[PDB]
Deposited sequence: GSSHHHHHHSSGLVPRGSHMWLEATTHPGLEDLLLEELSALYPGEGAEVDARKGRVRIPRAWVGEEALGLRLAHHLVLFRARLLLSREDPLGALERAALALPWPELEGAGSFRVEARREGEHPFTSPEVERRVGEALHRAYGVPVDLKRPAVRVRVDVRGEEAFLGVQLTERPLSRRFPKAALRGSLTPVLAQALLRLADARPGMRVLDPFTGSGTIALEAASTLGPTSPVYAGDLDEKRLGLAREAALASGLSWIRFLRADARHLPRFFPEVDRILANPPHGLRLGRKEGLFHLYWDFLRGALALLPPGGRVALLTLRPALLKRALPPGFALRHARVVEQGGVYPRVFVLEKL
């Protein structure tokens, strides 16, 4: 019995589960709440899995077993040796990456050594710690263990690299704002703090050319990069504009959805940016228009909310080791 496991930011499991379920209908999906993991039982995984927009890494687990407390390292080594590893085919180097959750009398490096040396001996392929061609995964979680192979080399979230390195904001988080705001093809979308363009590009790539996409920032240099990135992926209909998010109506027309990732710092100055931005956002929506926004400062954000908005959803999401909130607001 085999399992595809997909990882995302903790807090986005329910959305990842929806994406997977549309790709692979059927029952038995498992979600690890607050851990960023979803698993689907699968007899086969092809290239279709690499089209996931909410996933960071994919692993195919070929075995799951109850770890025998008698000789747990021996049991893992025997489990690994009873599986097929055709990936070690043209690969010509590998490593084992082991992870543990719960208390165990062994460490992750012990698992890597015992499993890796058993595979090296059966397969002859050399271990390469820094640049492995294939990554074998062993995860021990409480009393169960999962063994298999990482399917992704680089994370799927490394799309749009010309817009990346800035900042902590991944295309996966951008896709989640899109979905939490219930944006659909044909809707007008604004990215009011666009930076090097990640949210705008994610939106354009997902919604296609029937959705007008507006994107603004004060930094002309970063707008130059965003335009370059849009062209490189065929997403040139995005309207990038030098624009102050404190005065959005000076620059943008009404839209249906606003996906907003305000800067972390410039606190009174921050409150004033939130104050002006949220009022501009309200003025650029119809009744029923929606904002999805990410913030490290939920109390301050809520203090700044104008009363024309209803707060419809809030959730916590892990990003770059810290925990911003996503709020969805609807204009009443």
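According to the record, the deposited residues with no C-alpha atom in the structure span 1 to 18, 285 to 288.
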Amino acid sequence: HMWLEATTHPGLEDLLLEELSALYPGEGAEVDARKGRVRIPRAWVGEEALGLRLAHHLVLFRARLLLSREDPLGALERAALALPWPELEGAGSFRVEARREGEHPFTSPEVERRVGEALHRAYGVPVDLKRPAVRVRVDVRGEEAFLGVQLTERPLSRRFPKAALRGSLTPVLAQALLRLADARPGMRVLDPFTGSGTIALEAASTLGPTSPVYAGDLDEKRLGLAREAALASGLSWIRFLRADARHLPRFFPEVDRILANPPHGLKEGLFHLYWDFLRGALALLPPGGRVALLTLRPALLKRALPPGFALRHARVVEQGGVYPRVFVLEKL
From here on, numbers count along this sequence of modelled residues.
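A summary of the deposited B-factors shows that, of 173 to 181 and 135 to 143, the stretch with the larger mean C-alpha value is 135 to 143.
Between the stretches 191 to 199 and 125 to 133, it is 125 to 133 that shows the larger average CA temperature factor. The top Cα temperature factor in the record, among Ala230, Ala98, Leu73, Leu119, falls on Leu73. The PDB entry assigns the greatest CA B-factor among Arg239, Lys162, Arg113, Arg257 to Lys162. Among the modelled residues of its chain, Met2 has a C-alpha B-factor that falls in the middle third, as given in the PDB entry. Ranked by Cα temperature factor within the chain, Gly186 sits in the middle third according to the deposited record. Annotation for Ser211: CA B-factor lies in the lowest third of the chain's modelled residues. Annotation for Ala204: C-alpha temperature factor in the lowest third relative to the rest of the modelled chain, per the entry. Looking at the C-alpha B-factors along this chain, the one for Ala55 belongs to the lowest third.
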